[PDB]
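Residues per chain are reported as follows:
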Amino acid sequence: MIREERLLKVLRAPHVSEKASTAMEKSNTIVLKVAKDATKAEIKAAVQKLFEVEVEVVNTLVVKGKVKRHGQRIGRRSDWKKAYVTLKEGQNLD
Amino acid sequence: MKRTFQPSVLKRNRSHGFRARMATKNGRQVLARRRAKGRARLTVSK
Amino acid sequence: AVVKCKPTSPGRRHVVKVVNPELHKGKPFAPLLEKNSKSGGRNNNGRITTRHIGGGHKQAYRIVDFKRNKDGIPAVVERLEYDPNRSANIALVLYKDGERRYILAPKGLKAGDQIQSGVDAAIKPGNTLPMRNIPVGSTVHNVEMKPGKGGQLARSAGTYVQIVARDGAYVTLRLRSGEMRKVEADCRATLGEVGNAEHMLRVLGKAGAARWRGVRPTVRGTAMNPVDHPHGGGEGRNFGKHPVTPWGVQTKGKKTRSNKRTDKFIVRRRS
RNA sequence: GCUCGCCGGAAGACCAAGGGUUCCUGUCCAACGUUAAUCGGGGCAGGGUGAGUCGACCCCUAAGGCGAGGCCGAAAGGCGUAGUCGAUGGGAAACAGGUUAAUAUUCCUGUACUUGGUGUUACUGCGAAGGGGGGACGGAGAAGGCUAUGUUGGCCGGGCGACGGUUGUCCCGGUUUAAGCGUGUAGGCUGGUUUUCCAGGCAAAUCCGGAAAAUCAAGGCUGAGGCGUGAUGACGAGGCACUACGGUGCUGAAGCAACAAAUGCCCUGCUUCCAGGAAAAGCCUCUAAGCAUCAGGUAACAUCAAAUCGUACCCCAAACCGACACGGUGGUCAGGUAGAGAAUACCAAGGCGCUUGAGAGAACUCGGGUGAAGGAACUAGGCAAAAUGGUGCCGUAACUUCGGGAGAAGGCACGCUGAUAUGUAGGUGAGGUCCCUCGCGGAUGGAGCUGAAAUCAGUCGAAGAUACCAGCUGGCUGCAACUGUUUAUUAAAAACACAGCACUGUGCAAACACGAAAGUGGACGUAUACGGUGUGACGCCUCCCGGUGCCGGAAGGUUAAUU
RNA sequence: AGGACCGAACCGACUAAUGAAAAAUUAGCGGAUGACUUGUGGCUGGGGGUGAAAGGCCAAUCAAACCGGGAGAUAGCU
């Protein structure tokens, strides 16, 4: 049982990319940016409540931040957690 | 030719890392000194 | 028996094996085993405290019974076994009550021999009883110095002690060194000589053998530089000084016993 | 794109360590790249790392670390008990195919497995900080059984030749398929089952150990591979539709047999040797306190569960350690022909041509090739080159510690073809036939397959161990017995070490060593042991105690604090 | 059987000629079941360690490491 408030905080964004699109189309799997602390179960819960859609399974991974250079000064982008969430057969997501 | 530095992360940490430094009085002193100096990287710890 | 090995290579030429067939060809009694890691002759400070120790073969520790307290229960000798931890051979015995122990194998002992500890026990080889009960003139081994402690004198491959006298609460032992020593008469002792008496006839025959026995090589002080040893230095071979340890103390002759606490027990020093 | 060349026990493929975006795409060429650069491991932007079963985490411990109390120490702190950490070791579980520009045992497809809860009905002794078993272990050697893998034939598809021949004993390609489940084999280990008692296993034990007694000779454990299923599937040479020339979608034949065969597996086995070969948990089992008709245990079945972190890419290197796009770096994989071979040569798969080129064809330098006659005359010195170089057989001195010396020396044979023998000796081994406690069984049988070595006869060349590969040999002699070790980076030796020898200390709270100490090593050793010193295999051997040391003595002389 | 023999890997470094290289190269060379070699981790600390002993090695540094301090040591010398 995850708290409503917690759930709302978990899910950061949808991730747009070719791969993501492919996943959506073929495998019925949505690619989300989620909180770095968000566990799989929590993510699933969030998905179910907040998008109103049955979840088969969630795979997560941590994306490491790229090191960049703004002019002369070096600086690193933040790490962030990506989640492939596979929706059950016949579940169409808006 | 096998040069002197042959890195190993665990070994480095055990040797020089924060916890090791903390463990002894002299280590602590070193840390303090570093702090005083204004070091950004207080220890070898990443 | 001793066996001079045929010189099919140098390093085998001068080898003499001591091959006893009556030893157990097999894995030892595992309950009585325990771990025994190597020092390298280095103490808790991590410094080398005794030179020339290092390496050699992994060895288990057989838990030998030197206290020898199963009084009244007769044991029977199951087998003789190789112990890597000592010059003697050990013997796995089986008490009538089902317990097993290792003991130093004495001279005549073999599989099937019955042995017994206690005051009542028969004065025969391998039997153990207090030296007040043991007849004067007898050869004993595995001799306790303090009652109850465990055998400390005469444990090595072909050693034994003579009970020369029993004067009241003490008995006088003629130790293998030639030292005559008073010992409390209630101290325990095992009848006969300890076993593996042709141990001294073995000859290692090569450098490697020594190494295998955990003995690193020994450098001569005279081969060193003066900063290292008192004998060091000299152009060519010089040695114009009285022999001494690496720590400057005389080596040829100078006595080093300082124990004033046990001077009373020493009847006569060895010669 | 087509040729050419190089690596191929790597200059290929996959990891660890280390790095940390170098990966992929688009875009830009100032700088960086030893030249140019449209290219890049460079700049900028975007994308990319998907796990119950791989690894970490986790449970367990080794060396070792920390260490409540504690012992010790001016202080700081040292050592260490209980404990708790610490992998490089022990501990549950996944395979095949398909897919991305870039991930995959992680996605998808198929087919699996594991150990937890929870609930069940069925049963009914459960229970640990404890007991026992197990885990649990060395070197070498030898086979035998296997597979990986390869070769040939069969089969299936395609081919009929840019130049003489090529419808055949011809040419090219393919002929692949897992874990799991079932079977429990080659083979290895052990005698089982029941009963009774017992000073043992810190207490108890129905467990282990020990005693008896009965009765049956098969009982159990282990075990590669094969076979079956998994699989009416998947993959499949290439054909056929579309084409953003990147590829996408459909389709799909055969898919067998024999022989050879590992250093891999059975094997943590067996045999043997002495130098005598981790630990703890998981796992099995036994009970105690306990609880007692409850919990807990095992039984299947249902359901839920398996979080977290790593996953790109380089990894003998242009990405790690070397200031550089400059030598070092642990593991795994190991095709063909020749060969003893992981050597060597040429090749496969795959990967590269080393980020300045173009000419010229002087001296001189580097790295190679050949050389008349002579053959060490060179030189400090045959330094360097040259030479020797294989298998089999014959043959082989002094001296010797009887092992050696010895590959001593020195010689002969060596290709190809035919025959012996349309392929032998051997190896393997199908049908058939017989037996049978019935199976992965035993006999007999020899088809097919594979296959040296030799002899005889012929034959070609200047030359047959034809290339690469691959000892120079002998004689006298110093030193050190020997194998070893050593001045990282001018010294590898006659130096150090060595087995052996001798002296000497040391009686165990050992001498000695590290420690203001506690303590630790010596050693869980005990004089056939340990320390120190010298000598240095083996053989034959090996006067002086005045000096300096050490050992013993203590009559006298002298002699501190103290008084 | 073997600190046995010939010989790749692997470990080394006797001869030779020659910055890519602050010790390498190519050609030969020694050991190659052991007193072998190697990965990972651990321990020993500066008059201290370790040393089959060369004053060797202890982070390209060794007859006393490096870093900071006494410290602007002292310098009848340049």
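The deposited coordinates derive from cryo-EM, with the record listing a resolution of 4.8 Å.

Looking up chain B in the PDB entry gives the name 50S ribosomal protein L34, with the organism given as Escherichia coli. Its PDB record names the entry "Cryo-EM structure of an Escherichia coli coupled transcription-translation complex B3 (TTC-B3) containing an mRNA with a 27 nt long spacer, transcription factors NusA and NusG, and fMet-tRNAs at P-site and E-site". Per its UniProt entry, chain B bears the Sequence similarities comment "Belongs to the bacterial ribosomal protein bL34 family."

Within the PDB entry, the label attached to chain A reads 50S ribosomal protein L23, and the organism entered is Escherichia coli.

Undergrad: Honestly, the overall build of chain A in this entry has me stumped. Any pointers?
TA: The secondary structure content of chain A amounts to three helices and six strands. Counting from the amino terminus, chain A carries its helices and strands in the arrangement α-β-α-β-α-β-β-β-β. In chain A, buried positions account for 30% of the 94 residues. Sequence separation of 24 or more characterises 59% of the internal contacts of chain A that already satisfy a separation of 6 or more. With the model as given, the accessible surface of chain A reaches about 6900 Å², and the carbon-plus-sulfur share is 48%. A distance of 13 Å separates the average location of the 21 positive side-chain charges in chain A from that of its 12 negative side-chain charges.

Undergrad: Teacher, can you tell me more about the protein's contact with RNA strand E here?
TA: Near RNA strand E you find 29 residues, and of these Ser-8 of chain B together with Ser-9, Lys-206, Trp-212 and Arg-216 of chain C are the closest. Within the contact set of RNA strand E, a sugar or linking oxygen lies 2.9 Å away from a side-chain nitrogen or oxygen of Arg-14 of chain B. At 2.9 Å, a backbone N or O of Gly-208 of chain C approaches a base nitrogen of RNA strand E. Residue assignment for the surface near RNA strand E shows that the elements contributing at least two residues are helix 1 (9-16) of chain B together with helix 1 (207-212) of chain C. Considering each element in turn, the surface near RNA strand E owes the most residues, four residues, to helix 1 of chain C.

Undergrad: Hey, could you run me through the sheet that holds strand 5 (residues 74-81) of chain C in this one?
TA: All names here are of chain C. Reading across from one edge, 7-6-5-8 is the order of the four strands in this open sheet, with antiparallel pairing throughout. The open sheet has two edge strands with one neighbour each: strand 7 (100-104) and strand 8 (114-116). Between one strand axis and the next, the sheet turns through 45 degrees on average, direction left out of account. Taken together, the five bridges between strand 6 (residues 90-95) and strand 7 define a ladder with antiparallel strand orientation. Paired with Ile-90 across the two strands is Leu-104, which belongs to strand 7.

Undergrad: What exactly am I supposed to notice about empty space enclosed by the protein here?
TA: Empty space among the atoms becomes visible once a probe the size of a water molecule is rolled across them. All names here are of chain C. For the structure shown, the criterion picks out one cavity of 30 Å³ or more. Size it by volume and the largest cavity reaches roughly 60 Å³. Surrounding the largest cavity, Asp-65, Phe-66, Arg-68, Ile-103, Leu-104, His-141, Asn-142 and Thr-190 form its lining. Here the lining of the largest cavity is built from residues that sort into three nonpolar, three polar and two charged. A domain-level breakdown of the lining of the largest cavity finds at least three residues from each of domain 1 (1-113) and domain 2 (117-194).

Undergrad: Any chance you could explain the sheet that holds strand 2 (residues 29-34) of chain A here in plain terms?
TA: Residue and element names in this part refer to chain A. Ordered in space as 1-2-6-3, the four strands form an open sheet in which the pairing is antiparallel. Looking at which strands have only one partner, the edges of the open sheet turn out to be strand 1 (11-14) and strand 3 (55-63). Between one strand and the next, the sheet's axes are offset by a mean angle of 30 degrees, whatever the strand orientation. Bridge count for strand 3 against strand 6 (residues 80-87) is eight bridges, and the pairing is antiparallel. Note that in strand 6 the partner of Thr-60 across the bridge is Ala-83. Helix 2 (residues 18-27) contacts strand 2 and strand 6 of the sheet and is inclined by roughly 140 degrees relative to strand 2. Set on the sheet, helix 3 (residues 40-51) makes contact with strand 1, strand 2, strand 3 and strand 6; between it and strand 3 the angle comes to about 125 degrees.

Undergrad: Honestly, the packing of aromatic side chains in this entry has me stumped. Any pointers?
TA: The relative placement of two aromatic rings is captured by the distance of their centres and the angle of their planes. This structure, assessed with the given rule, holds one aromatic pair over all chains. Directly above the ring of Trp-80 of chain A sits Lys-33 of chain A, whose terminal nitrogen or CZ lies 3.3 Å from the centroid. Here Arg-155 of chain C stacks its cationic end above the ring of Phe-66 of chain C, 3.6 Å away from the centre of that ring.

Undergrad: Even after reading the chapter, I still don't get helix 3 of chain A, so can you show me in this structure?
TA: For an α-helix, 3.6 residues make a turn, and residues three or four places apart therefore share a direction. Residue and element names in this part refer to chain A. Over its 12 residues, helix 3 extends 16 Å from the first C-alpha to the last, a length consistent with the 16 Å expected when each residue adds 1.5 Å. The set of residues buried in helix 3 consists of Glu-42, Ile-43, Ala-45, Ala-46 and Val-47. Those residues of helix 3 hidden inside the fold are in contact with helix 1 (4-10), strand 1, strand 2, strand 3 and strand 6. Positive backbone phi, approximately 55 degrees, marks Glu-52, located one or two places after helix 3.

About the criteria used
Residues numbered from 1 in each chain as written, not as in the entry; some residues may be left out. Chains lettered and ligands numbered in written order. Part of a larger assembly, values for the part shown. Heavy atoms only, no water. UniProt positions renumbered as here; feature names shortened; annotations may be inferred. Helix = DSSP H or I, 4+ residues; strand = E, 2+ residues; numbered from the N terminus. Buried < 20%, exposed > 50% of the residue type's maximum accessible area, 1.4 Å probe, protein only. Contact = heavy atoms within 4.5 Å. Areas by Shrake-Rupley, 256 points an atom, 1.4 Å probe, with all protein chains shown as cover. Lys, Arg positive; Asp, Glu negative; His and termini not counted. Charge placed at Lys NZ, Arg CZ, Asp CG, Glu CD. Near = heavy atom within 4 Å. Polar contact = N/O pair within 3.5 Å; in protein donor to acceptor, adjacent residues only side chain to side chain. Pairing = 2+ DSSP bridges. Axes fitted to C-alpha atoms, helices over the stretch in contact; angles between N-to-C directions. 1 Å grid on protein atoms, 1.4 Å probe; cavity = no way out; pocket = protein on both sides within 12 Å on 5 of 7 lines; lining within 4 Å. Points joined across faces, edges and corners; volume = space filled by probe spheres on them. Nonpolar A, V, L, I, M, F, W, Y, C, P; charged D, E, K, R; others polar. Domains from an automatic or database assignment. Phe/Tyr/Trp six-rings, centres within 6.5 Å; stacked < 30°, edge-to-face > 60°. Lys NZ or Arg CZ within 6 Å of the ring centre and 35° of its normal. Expected span 1.5 Å × (residues − 1).

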